[PDB]
Amino acid sequence: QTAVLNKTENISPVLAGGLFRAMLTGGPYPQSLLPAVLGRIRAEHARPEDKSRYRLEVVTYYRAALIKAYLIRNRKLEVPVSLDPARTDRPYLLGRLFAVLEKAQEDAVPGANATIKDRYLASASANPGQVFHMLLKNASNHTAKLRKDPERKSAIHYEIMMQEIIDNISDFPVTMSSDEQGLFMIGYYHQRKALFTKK
Amino acid sequence: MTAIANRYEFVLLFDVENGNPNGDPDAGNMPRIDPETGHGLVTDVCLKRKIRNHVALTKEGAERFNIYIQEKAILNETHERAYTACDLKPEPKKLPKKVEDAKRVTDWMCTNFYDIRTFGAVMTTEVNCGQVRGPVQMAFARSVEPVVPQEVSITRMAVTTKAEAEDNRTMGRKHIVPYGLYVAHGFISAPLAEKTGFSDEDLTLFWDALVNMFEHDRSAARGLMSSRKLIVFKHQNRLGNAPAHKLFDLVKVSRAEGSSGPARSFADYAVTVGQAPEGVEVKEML
Amino acid sequence: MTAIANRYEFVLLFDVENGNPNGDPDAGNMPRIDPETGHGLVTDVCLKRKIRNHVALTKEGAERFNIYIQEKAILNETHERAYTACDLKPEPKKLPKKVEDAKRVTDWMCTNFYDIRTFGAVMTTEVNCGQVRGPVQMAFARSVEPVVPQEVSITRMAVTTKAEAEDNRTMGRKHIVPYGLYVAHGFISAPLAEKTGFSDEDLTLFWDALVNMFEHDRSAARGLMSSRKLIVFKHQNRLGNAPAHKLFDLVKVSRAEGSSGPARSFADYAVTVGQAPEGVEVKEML
Amino acid sequence: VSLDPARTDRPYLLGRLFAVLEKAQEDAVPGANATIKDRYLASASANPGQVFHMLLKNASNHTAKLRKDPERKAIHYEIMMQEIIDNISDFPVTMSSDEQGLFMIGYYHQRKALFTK
Amino acid sequence: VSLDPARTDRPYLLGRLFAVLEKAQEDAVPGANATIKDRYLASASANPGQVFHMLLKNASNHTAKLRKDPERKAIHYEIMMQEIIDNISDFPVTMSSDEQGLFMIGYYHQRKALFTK
């Protein structure tokens, strides 16, 4: 999963040895793992031309599992196995918010080629304070369209989510560290699964 | 409906005396003015309303001369009339999905409403019916020199509502322009008239309405006011032969020689007209 | 079709009276301004729209003078039409894999369309068709003095929709600029013109469109606008002979002598032109 | 974290004020197709000095309807506006990105409070 | 932040003056259907020189009516009006947008004070 292209030829020997050693002995993982996965996450851009009509995900099951394991072992943090609505960590909260924004957009404009995930995933995780205002501003246009629908479809529900999540934040940070970006990714992954999971 | 085949332009002059030509909703009811210079202003919408009223009075609801924007109408119901006429089924917000039906609806609407056929309208609304520009346009009217409105106090014997300070009386106020002279411009275009079917009889009726606009508009708030001059330029081909601003420069109004004090009548001014370029003809209806 | 053989730069002046030159759709409908200094602005896209309209009106679909961006069209259909004209089956996202077929499809498009030949276009959508730059382009226009927009309130008799009190009426509003003067810059490059065939007759037509741009787009909200000056610098070489910014400095505009109140006509300003360097000529076509 | 009535950061206060104005408009004209949030949200956050002088006019225009009915819900808004403006000194001509983020945060904090019991 | 009695910024003073004038009318004619601010708020902020003189003229009637009975503050109101108009040099013919915003800020600061205590 960490190869440049998903092919065994590009696997770094250092990781090959270190992962096996740590697995057998229970020692700390190699320190280069987290940046290695983050690079692959931030570089990939799948497109609809792939055979599967729905576009490919980049935050896959395996990568999330790896990040969780790394954070638990080396950094001594705590991470739930599924969404926890009482976390209150700024990276986690931002990761949660991104998912609802994308969900609203993709409902407002079906079949778009370029979603916010295709244009803002990297910078938003790196420098939250520089991009988030634009995303919030566009969310207004996206939501208002649903409101005027005869059925009103969603509109109230998404705004309720946005209000409740935001209530625990005070300011947008200017910069974040690597582990903070890992928390951001985990938060995004959990929230995404929370949707699509009433029926 | 045949379309005119020439480009027109015109300028109009009218005068007011001891009256309020057009009030301002956001300044009590003072007349509109240019704050930086004190020249008066009149919105073109007022003139359009006056023309609509005169046409309605004169034609008396004859065929193909109905007025779309009436006294207290509801516009969506008016639109629905066109749909039912063409036997179509209205859609909540979209036009008929086939071009032929949409064209039929728009043609029906332009057919029998004079004001739409002349000025155009915005009808997207909810019962969608499209948009129109209209070949006739007008600009704001500006006074030739600064004006100085006055306010007057008045008294009324009776009282309107039950009060316990009583019997009591009440007092109010008005505003008045001692005198003023105004100028307006307008245009007519052939390409749009070709699209809407603006006919020549309509043009004659338009001239008539301009001449006799104010005769039916007497009211307590407006004193005496009337039209004084009307000049028309006609181009020789489907497109212009000269820039517009150069033509408006030909008409010049200046203080009459014998007038020295503040103006108080039309006799205090002098008006002259130059010579139009070779490609344009100038005729004077007033 | 022969391409031009010299580099050009030009300047244009125009003004407006009691109208909204270009309101941008994010502050209600305020005229677009620079927040930090109050100077007005206009987007070049607006001007190019007017040029397109004028050409379409004057040529009436003559051969080699079609316009690519027509009102409410679908571009992919035009791309497919080009593909059929060159007799190729389009791929979902890619140009034909033989160079000659791609050149043919691109050249057909660049040939039968004027605005593509003049301004370039982005056509790399599903029906892939390539890109073009275009030898002509312009910058933003900027006013010479800060503007002071005014707000106006208005009324209407009728109502649009049914409800408890819908007897009723309504109100709206407008914005206008009492007066303003604007400046613009532009460039033309021979090397790019060589890639599309942009010919001299196109250049003459372009000058004609520039001088007569505003003559046709009268509307309720636009007031009265016109052009006043047109200056063109011509180089003697396919590449330049002086920096661009030096030439633009040669033209100065300032307060007219004795004028003290806020500007209200073109007569309130004075314009002068210096002497160009040896390698460049200057003309005043308007 | 929740609405802090003592923060006194100018973008925060502006964000609160915008929300209260929107609430007043919604109360005045039910079911409006278009709302100030759609018309002005983009402009106000970037250049406050250009639009607030306009929003405040419609504010009074709306409150006039309510105060003219037996609907007494209607000096509450005026009281809130007096409290909020009491800390402001001037309107910025332009604001940075992070300031806009803080503006949005303040807006959302304010909005939630209005809908509590 | 609150009302600053020494700002001397002309729009600020104009806002304060408008606030006191409207308070005076309110006291003079209770329950009025159409108040001065409903009639003139836009013009007063946009073009002070157009209307302010006649607004001042009418004020005398309101004060005269009040002080004709055993009720007083009216001397207090006229004292404020005189001390404020002492500092104003001249009524501008027109004002910019930021100046209009400052006008509203001054108006609200002044109005909050009157209801204190």
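Residues numbered from 1 in each chain as written, not as in the entry; some residues may be left out. Chains lettered and ligands numbered in written order. Part of a larger assembly, values for the part shown. Heavy atoms only, no water. Residues with missing side-chain atoms left out of burial classes, pairs and counts.

*Asks:* Explain the overall build of chain A to me, please; I cannot follow it from the model alone.
*Replies:* A count of helical and extended segments in chain A gives 8 helices and 0 strands. Starting at the N terminus and ending at the C terminus, chain A contains elements arranged as α-α-α-α-α-α-α-α. For 199 residues, the compact-globule formula gives about 16 Å, and the C-alpha radius of gyration of chain A, at 18 Å, lands near that figure. For the C-alpha atoms alone, the extent of chain A along its principal axes is close to 60 × 40 × 35 Å. (Helix = DSSP H or I, 4+ residues; strand = E, 2+ residues; numbered from the N terminus. Rg over C-alpha atoms; globule rule 2.2 N^0.38 Å.)

*Asks:* What should I look at first to understand the arrangement of the chains in this one?
*Replies:* Contacts are most numerous between chains B and C, taken over all 6 pairs of chains that touch. The two units chain A and chain B never meet; even their closest C-alpha atoms stay 10 Å apart. (Contact = heavy atoms within 4.5 Å.)

*Asks:* Would you mind showing me how to read empty space enclosed by the protein here?
*Replies:* By rolling a water-sized probe across the atoms, one finds the places where empty space is left. Looking at the largest cavity, its volume works out to about 80 Å³. Breaking the lining of the largest cavity down by element, the ones donating at least two residues are helix 1 (10-28) and helix 3 (52-67) of chain D. Ranked by residue count, the leading element in the lining of the largest cavity is helix 3 of chain D, at 4 residues. Here the residues of the lining of the largest cavity are counted per class, giving 5 nonpolar, 3 polar and no charged. Estimated volume of the second largest cavity: approximately 70 Å³. Lining the second largest cavity, in full, are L13, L14, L17, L56, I84, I85, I88 and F91 of chain D together with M104 and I105 of chain E. Sorting the residues of the lining of the second largest cavity by element identifies helix 1 and helix 4 (76-85) of chain D together with helix 5 (97-114) of chain E as the ones contributing at least two each. Counting residues per element, the lining of the second largest cavity draws most heavily on helix 1 of chain D, at 3 residues. Counted by class, the lining of the second largest cavity contains 10 nonpolar, no polar and no charged residues. (1 Å grid on protein atoms, 1.4 Å probe; cavity = no way out; pocket = protein on both sides within 12 Å on 5 of 7 lines; lining within 4 Å. Points joined across faces, edges and corners; volume = space filled by probe spheres on them. Nonpolar A, V, L, I, M, F, W, Y, C, P; charged D, E, K, R; others polar.)

*Asks:* Got a minute to help me understand the interface of chain B and chain E in this structure?
*Replies:* A common way to express how large an interface is: the accessible area buried when the components associate. Contact residues are listed per partner, giving 11 residues for chain B and 10 residues for chain E. Each partner contributes to the roughly 930 Å² buried at the junction of chain B and chain E, and carbon and sulfur atoms together form 54% of this total. On the chain B side of the contact with chain E, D26, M30 and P35 of chain B bury the most area, a combined 40% of that side's loss. Counting the contacts that link chain B with chain E gives 2 residue pairs in polar contact. Residues belonging to the side of chain B that touches chain E are distributed by class as follows: 5 nonpolar, 2 polar and 4 charged. (Buried area = accessible area lost by both parts, 1.4 Å probe. Polar contact = N/O pair within 3.5 Å; in protein donor to acceptor, adjacent residues only side chain to side chain.)

*Asks:* Teacher, can you tell me more about the interface of chain C and chain B here?
*Replies:* At the junction of the two partners, chain C supplies 27 residues and chain B supplies 28 residues. The junction of chain C with chain B conceals about 2,700 Å² of combined surface from both sides, 57% of it contributed by carbon and sulfur atoms. Here chain C is connected to chain B by 3 salt bridges. The partner of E36 of chain B in a salt bridge is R264 of chain C, with the nearest N and O atoms 2.4 Å apart. Of all the elements in the fold, those that place two or more residues in the side of chain C that touches chain B are strand 5 (150-156) and strand 7 (224-235) of chain C. Each residue belonging to the side of chain C that touches chain B can be placed in one class, and the counts come to 9 nonpolar, 8 polar and 10 charged. (Salt bridge = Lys/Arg side-chain N within 4 Å of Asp/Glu carboxyl O.)

*Asks:* Even after reading the chapter, I still don't get a nonpolar patch on the surface, so can you show me in this structure?
*Replies:* Residue and element names in this part refer to chain A. There is a patch of nonpolar side chains on the surface, built from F20, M23 and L24 and spanning about 380 Å² of accessible area. Residue placement: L24 occurs in helix 1 (residues 13-25). For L24, a relative accessible area of 56% puts it in the exposed group. (Patch = residues over 30% accessible without salt bridge, like charges linked within 9 Å, V, L, I, M, F, W, Y side chains within 5 Å. Areas by Shrake-Rupley, 256 points an atom, 1.4 Å probe, with all protein chains shown as cover. Buried < 20%, exposed > 50% of the residue type's maximum accessible area, 1.4 Å probe, protein only.)

*Asks:* Hey, could you run me through the layout of surface pockets in this one?
*Replies:* Estimates place the volume of the second largest pocket at around 1,200 Å³. Considering the residues around the second largest pocket, the lining is formed by 36 residues, among which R142, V183, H185 and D249 of chain B together with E17 of chain C are closest to the centre. Secondary-structure elements contributing two or more residues to the lining of the second largest pocket are strand 1 (8-19), strand 4 (141-143), strand 6 (170-188), helix 7 (244-248) and strand 8 (252-255) of chain B together with strand 1 (8-19), strand 6 (170-188) and strand 7 of chain C. The residue inventory of the lining of the second largest pocket, partitioned by class, reads 17 nonpolar, 10 polar and 9 charged.

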